[PDB]
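Everything below concerns the one structure shown next.
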Amino acid sequence: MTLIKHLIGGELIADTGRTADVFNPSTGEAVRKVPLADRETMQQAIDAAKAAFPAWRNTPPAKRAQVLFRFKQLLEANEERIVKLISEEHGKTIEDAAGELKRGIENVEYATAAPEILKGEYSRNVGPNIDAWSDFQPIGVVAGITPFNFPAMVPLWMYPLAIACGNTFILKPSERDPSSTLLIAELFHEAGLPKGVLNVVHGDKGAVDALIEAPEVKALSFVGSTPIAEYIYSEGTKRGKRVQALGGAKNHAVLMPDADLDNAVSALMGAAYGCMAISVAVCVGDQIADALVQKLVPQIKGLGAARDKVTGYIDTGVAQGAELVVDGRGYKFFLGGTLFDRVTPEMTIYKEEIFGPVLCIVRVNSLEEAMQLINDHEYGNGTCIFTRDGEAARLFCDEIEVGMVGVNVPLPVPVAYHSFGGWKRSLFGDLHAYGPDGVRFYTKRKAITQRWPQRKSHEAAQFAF
Amino acid sequence: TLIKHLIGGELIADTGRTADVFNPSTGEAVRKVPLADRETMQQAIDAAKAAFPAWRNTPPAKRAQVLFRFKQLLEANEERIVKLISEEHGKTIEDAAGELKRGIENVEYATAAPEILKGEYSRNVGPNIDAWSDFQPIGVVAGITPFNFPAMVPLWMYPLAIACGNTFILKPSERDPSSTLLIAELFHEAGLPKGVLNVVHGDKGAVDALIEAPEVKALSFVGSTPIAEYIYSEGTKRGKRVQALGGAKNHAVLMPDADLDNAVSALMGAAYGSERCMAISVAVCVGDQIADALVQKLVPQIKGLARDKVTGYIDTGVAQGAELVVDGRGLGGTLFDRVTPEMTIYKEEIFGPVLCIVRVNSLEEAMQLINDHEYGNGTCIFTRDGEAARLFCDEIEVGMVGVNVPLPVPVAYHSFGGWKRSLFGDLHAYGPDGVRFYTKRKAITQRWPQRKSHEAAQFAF
Ligand SMILES: Nc1ncnc2c1ncn2[C@@H]1O[C@H](COP(=O)(O)OP(=O)(O)O)[C@@H](O)[C@H]1O
């Protein structure tokens, strides 16, 4: 543990040039250094992947499935070692880190069976001496840009599927916890993956701009924050690339007047403080809002530049006219449960996401207004409605635009993301249900019609030297 | 006479801005068309927004039913329709009837879309928690259609979108809008509720209206590449789903070993006026021999059967050093040799019977040429070599490929964005892409939290 190496062309490269430091969130002490890569160091990876592609594309489906199956085993073998490397640079419960990797492995298990659903049809003499067939081909060299949370699972949600489909991959992970990701890359090479099929290149905005600029890379896949997502989406798409982009968002719960309050409070307390991501509670009518606050407050007492970040957030909230009902700042400098009431979508505390236990209550007069509020912003990947009315619930499920909906029940969607464009993937849905969307993003359909026009005779004079 | 809009189930007469529809075989104006303002569009939008909730909840089988009668009423009125196509677009009635036969195949596919749209139900997936999954319509959607194909391109959009349970605003071409409107009316005659399909005639104003309207959730366009890029970028910028096909150029590759009579036959089928007929506008020849030979054969056969725009096009071609081998100024029938991708005649898309030969030294160069531009929807390679053909099929990026055989792709289009649909593919193969464009997937989990007692005091009056 001194300097972390790139994984280009099957060998580990040491870059010395620009460099940042990876810290240990639970200690504070910088542990290692990471190389912010130049366009030359990226072009290496691109050339490596471009070179590996034709061989890999023609590798038999069953052989690709085989190398993935061993990759799954070698991950289930080295779990302890990996999980340690996650908790060390990200700082999270080893139990959480292990649960993340279990998900990554589910993604690898799904990828092993992608070759099966990718077989196409053949027809001899669809017309006179004309054969026809259809295939699903890989698109070429593709790249994935991964976030800080989930250095294990988010890459394993991208590249195994893309490689199973027969592409080659350049992975540019987060600078802040890149060791765990790189280990998993190496294990894939150890499982049997040819050189150049997966490459790992560490870096920052430079590295990413490199991939956005490179005309060889055909598809670009990103999960992180909403500004960076919009960037990569628009700038990628305008250069003919396929772009899949999940950007951070806010999930909303709606409370109708008839909501069973103990049930809603249970969901909100698990989601905002206590598993689902919810950051805004839209209340229809003032009664249910006043009542919700009455119940929330007791239960929330029941439980350096970042210090200035949160104080700034809260302070702006008060400044713009929100009611700060529970201020979670305290000692043991932690941020406990914070509750804001009387929040509006023009406030900064609604528009800006803040890390940690913060709920905003937004008061609204009708269900239509609540649904319009949720639909008109960068809507997330989960939403709830709490009500006893059947007609309300049916309408909410019909007109809300969020993909997963919970009626009096929270959803297994632990982080909120908005999905850009038409190349849409779900991160937290059932893999078997949303996997085809991944497969379609990493493949192109091809439809061939073929005829070999005839000769009258086939004497040696009709061929070459 | 004057052509009426079809908003909210009734025919409206607009008088305001107006253009003239000509009878383009016999270049002489036959009718007038109303270029609509934002108010006349907002009428349609409001009509469609109103019709949506009822239509969305109409049973699958009832939607299938109205589509099935729509198919019959088209097969009933074919003669009348085809006449109206040939009259304002100007094309052989046999072609116009073949177009409508395709439109009807689109309607037949839409009738069966309700079946593939059923989802799952599971009682107690968790303790007293039900779960289900559904494919819902998205709302009010709009389609903007081109001059070529006033019958089939709309029937490729709205029947499927309506079968999925949306409502539709159709803004057809100003230049041949009679035939499209007739088919709209027949749909109403088949039983379609008022407001579910609306037809609003217009131009850039009308289109900008739909691009601006926040009620319309998806926008579907087929036409020229500049207008396509416009609608794509500006539509996606406003949160809409946009499906866009923009005019392009299909390329044929000739290897040295190509059977020339076979290639010439395919290239010569690719005809322009005013089951496998193909659009090809560029013939990439590998090596000079096959190119010289191709020219030798093409010239005699080019005695076949906007005008001011393309004198400029041809003139620029000569100016930049292309060899003008057959000059079609007058009936058309133009051939250019020694064309390069830096010329304007390669970059700009051209009205009419124009073929450009591009000489290249390797197959790799030919494939790179085709791949590096806004590639079309069809391509051919002519060769006897198996390895060449396999490689071409592997590395070319065009979706449909013909090896020594032309493809049934009569117009070239490039597809923008991630909402991609094929216009000329097998409907059963590319139909799901349409279905996905006009629907949104939902996963619902539901629980009704219990009460301890259910006396009348626990409910409302
Ligand atoms: N300004 C930027 N432009 C382009 N890419 C960036 C930028 N900032 C960060 N990235 C890259 O995107 C990922 C981080 O995006 P971000 O939204 O900051 O995720 P997170 O903050 O959750 O780690 C990293 O992989 C990083 O390399």
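The chains in the structure tokens are called A, B, ... from first to last as shown; in each chain the residues are counted from 1, and the ligands are counted from 1 in the order shown.
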Backbone-only DSSP, helix (DSSP H, G or I) members of region 241-385 of chain B, as number ranges by chain: B: 260-269, 288-301, 307-319, 344-347, 363-371
Ligand 1 neighbours within 9 Å using only C-alpha atoms and all ligand atoms, as a ChimeraX atom specification: /A:144-150,172-176,202-209,222-229,231-232,247-248
Selected residue, from A:351, A:451, A:50, A:189, that lies nearest to chain B when counting only C-alpha atoms: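 The answer is A:451, which sits nearest to chain B.
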Would you write out, as a tab-separated table, a table of all residues in chain A that have an atom no more than 9 Å from an atom of chain B, listing for each the closest atom pair and the distance in Å to one decimal, considering only C-alpha atoms and ordering rows by chain and rising residue number?
```
residue	atom	partner	partner_atom	distance
A:130	CA	B:405	CA	8.3
A:137	CA	B:394	CA	8.1
A:139	CA	B:397	CA	8.3
A:237	CA	B:417	CA	7.2
A:238	CA	B:233	CA	8.7
A:240	CA	B:417	CA	8.2
A:241	CA	B:417	CA	8.8
A:242	CA	B:418	CA	7.0
A:243	CA	B:418	CA	8.2
A:260	CA	B:449	CA	7.4
A:263	CA	B:449	CA	7.3
A:387	CA	B:448	CA	8.4
A:388	CA	B:448	CA	6.8
A:397	CA	B:444	CA	7.4
A:398	CA	B:136	CA	7.3
A:399	CA	B:138	CA	8.4
A:401	CA	B:440	CA	7.9
A:402	CA	B:442	CA	7.7
A:403	CA	B:442	CA	4.9
A:404	CA	B:443	CA	4.8
A:405	CA	B:444	CA	4.9
A:406	CA	B:445	CA	5.0
A:407	CA	B:446	CA	4.6
A:408	CA	B:447	CA	5.7
A:409	CA	B:447	CA	6.4
A:410	CA	B:445	CA	8.5
A:411	CA	B:445	CA	7.9
A:421	CA	B:418	CA	6.8
A:422	CA	B:418	CA	4.5
A:423	CA	B:418	CA	5.3
A:424	CA	B:418	CA	8.7
A:441	CA	B:418	CA	8.8
A:444	CA	B:399	CA	7.6
A:445	CA	B:399	CA	6.3
A:446	CA	B:399	CA	4.9
A:447	CA	B:400	CA	4.7
A:448	CA	B:401	CA	4.9
A:449	CA	B:402	CA	5.0
A:450	CA	B:403	CA	4.7
A:451	CA	B:404	CA	5.7
A:452	CA	B:404	CA	6.6
A:453	CA	B:404	CA	7.1
```
Report as a compact mmCIF listing (two decimals) with C-alpha atoms, in the first residue's frame all protein, DNA and RNA residues lying within 9 Å of region 193-207 of chain B, evaluated on only C-alpha atoms, omitting residues in the same chain fewer than 4 positions from it.
```txt
# COMPACT_ATOMS: atom_id res chain seq x y z
CA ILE B 3 -58.98 21.32 -46.22
CA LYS B 4 -60.29 21.32 -42.64
CA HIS B 5 -58.58 20.48 -39.30
CA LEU B 6 -59.87 17.50 -37.28
CA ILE B 7 -59.80 18.74 -33.68
CA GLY B 8 -62.03 17.34 -30.91
CA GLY B 9 -63.90 14.99 -33.28
CA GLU B 10 -65.24 17.72 -35.63
CA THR B 18 -52.48 29.67 -45.98
CA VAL B 33 -54.06 24.44 -46.47
CA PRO B 34 -54.29 26.35 -43.17
CA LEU B 35 -51.02 27.20 -41.40
CA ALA B 36 -52.25 27.09 -37.80
CA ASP B 37 -51.42 29.45 -34.90
CA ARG B 38 -50.66 28.45 -31.31
CA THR B 40 -55.58 26.50 -32.97
CA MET B 41 -53.02 24.00 -31.64
CA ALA B 44 -56.06 20.17 -30.13
CA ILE B 45 -53.86 19.81 -27.07
CA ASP B 46 -56.80 20.58 -24.73
CA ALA B 47 -59.00 18.15 -26.72
CA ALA B 48 -56.42 15.37 -26.38
CA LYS B 49 -55.71 16.12 -22.71
CA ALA B 50 -59.48 15.82 -22.10
CA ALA B 51 -59.91 12.53 -23.98
CA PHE B 52 -56.96 10.84 -22.25
CA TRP B 55 -59.30 6.37 -23.17
CA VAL B 140 -50.74 13.10 -24.89
CA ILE B 144 -44.92 15.14 -37.30
CA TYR B 158 -50.67 6.82 -34.05
CA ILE B 162 -53.46 4.83 -29.34
CA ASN B 166 -52.30 7.51 -25.36
CA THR B 167 -53.96 10.33 -27.28
CA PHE B 168 -52.49 11.79 -30.42
CA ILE B 169 -51.95 15.06 -32.20
CA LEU B 170 -50.87 14.56 -35.81
CA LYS B 171 -49.29 17.44 -37.71
CA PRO B 172 -48.86 16.10 -41.28
CA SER B 173 -47.10 17.58 -44.33
CA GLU B 174 -48.61 20.77 -45.83
CA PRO B 177 -52.37 16.58 -46.37
CA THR B 180 -53.76 11.65 -44.34
CA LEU B 181 -56.90 13.43 -43.08
CA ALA B 184 -57.97 10.02 -39.70
CA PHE B 187 -60.71 6.03 -37.71
CA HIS B 188 -63.42 8.22 -36.11
CA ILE B 211 -42.31 21.42 -29.05
CA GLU B 212 -43.25 24.15 -26.52
CA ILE B 231 -36.78 18.69 -32.83
```
Contacts of region 426-437 of chain A within 8 Å, only C-alpha atoms, excl. fewer than 4 positions in-chain, as a ChimeraX atom specification: /A:107,110,157,381,412-413,441
Straight-line distance linking CA of residue 168 (chain A) with CA of residue 196 (chain A), stated in Å to one decimal: 7.4 Å
